[PDB]
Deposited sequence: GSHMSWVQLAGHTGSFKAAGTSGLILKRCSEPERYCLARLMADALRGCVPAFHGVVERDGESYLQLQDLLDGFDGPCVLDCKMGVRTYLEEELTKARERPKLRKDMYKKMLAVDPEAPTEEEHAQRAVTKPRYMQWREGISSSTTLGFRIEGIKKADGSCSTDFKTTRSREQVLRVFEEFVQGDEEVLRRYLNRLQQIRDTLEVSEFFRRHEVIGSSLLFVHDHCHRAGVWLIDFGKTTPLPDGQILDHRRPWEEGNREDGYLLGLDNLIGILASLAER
């Protein structure tokens, strides 16, 4: 139906127009969505209708991806081997911003994870925190991680911070599709067509794609869709430089492993379909 409906039962506000949603405007994301509407990836991302003012503040006017579905099931998959910008590494060296909450989260998952100095600081840098999150999840090894699942009743989970092995990820998707062969086949067809689009996209070869997700949406009528969302940390490469999006990240090469992630994700869903 609508995302704001699920919200009722952060950055998102109800739109005036049926089948639209408002997302708080960020300059990187507005730049990306404008380019994407003119790119091969146009159909792989939510429709971007421009910017509107509400309570004297700027919102992206977006397609509500849940609008076509009857009681949608949603899964958010964060794509990439790296989940922070390289500029965040520089700032953390020259001008660190210590984070006490991020320290507490770590203790909880692994008490021996923080160093003697982080313990004494009771705090860590964001990039250190994001690197640790990448290693305890599937991000480092598979190039994606499950962030959360939602359902139209209000029922939601984000309890995936240690979902890491290929088989752990497969078991989350197995539970998400609840044995619906038609939804799984449609998800796999959509991912195959997205991969093909990414591999020819002018936008994609010219941009570092960090912190974006693939949003999986399906319903009990067997409707299934997948879209790329969240371009808040997607930045152009300089001087017409390009990425392959599969090779390992090494500080300075700005590689995101996005397609390593999509290759693995397709392989897991193809595996699930043969079980």
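Gaps between the deposited sequence and the modelled structure occur only at positions 10 to 13.
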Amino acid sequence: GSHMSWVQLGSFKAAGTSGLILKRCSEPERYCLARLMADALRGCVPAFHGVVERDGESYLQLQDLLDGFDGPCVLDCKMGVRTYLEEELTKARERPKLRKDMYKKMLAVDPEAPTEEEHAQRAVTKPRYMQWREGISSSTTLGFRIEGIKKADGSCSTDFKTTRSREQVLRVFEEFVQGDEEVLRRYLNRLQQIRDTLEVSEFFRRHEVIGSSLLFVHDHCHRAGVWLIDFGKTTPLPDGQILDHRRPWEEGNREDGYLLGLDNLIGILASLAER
From here on, numbers count along this sequence of modelled residues.
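Between two forms, the rigid core is the largest collection of C-alphas that superpose within 1.5 Å.
Displacement analysis by core superposition in 8 other deposited structures of this protein ranks 239 to 247 above the other of 223 to 231 and 239 to 247 in root-mean-square C-alpha distance from the shown form. Here 135 to 143 and 91 to 99 are scored by the root mean square distance of their C-alpha atoms in 8 other deposited structures of this protein, with each structure fitted by the rigid core; the higher score goes to 91 to 99. For the cut-off of one third of the other compared entries, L9 qualifies: that many or more give it no coordinates while modelling its flanks. The PDB entry records a higher mean C-alpha B factor for 87 to 95 than for its counterpart among 87 to 95 and 141 to 149. The mean C-alpha temperature factor is higher for 47 to 55 when 221 to 229 and 47 to 55 are set side by side. The residue among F204, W132, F160, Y103 whose C-alpha atom has the highest B-factor in the PDB entry is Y103.
Comparing the listed residues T234, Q241, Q63, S213, the entry records the largest Cα B-factor for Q241. Ranked by C-alpha B-factor against the other modelled residues of its chain, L107 falls in the highest third.
When the CA B factors of the chain's modelled residues are split into thirds, the value for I136 lands in the middle one. When the modelled residues of the chain are ordered by C-alpha B-factor, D76 sits in the lowest third. When all modelled residues of the chain are sorted by CA temperature factor, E255 is found within the middle third. Among the modelled residues of its chain, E116 has a C-alpha B-factor that falls in the highest third according to the deposited record.
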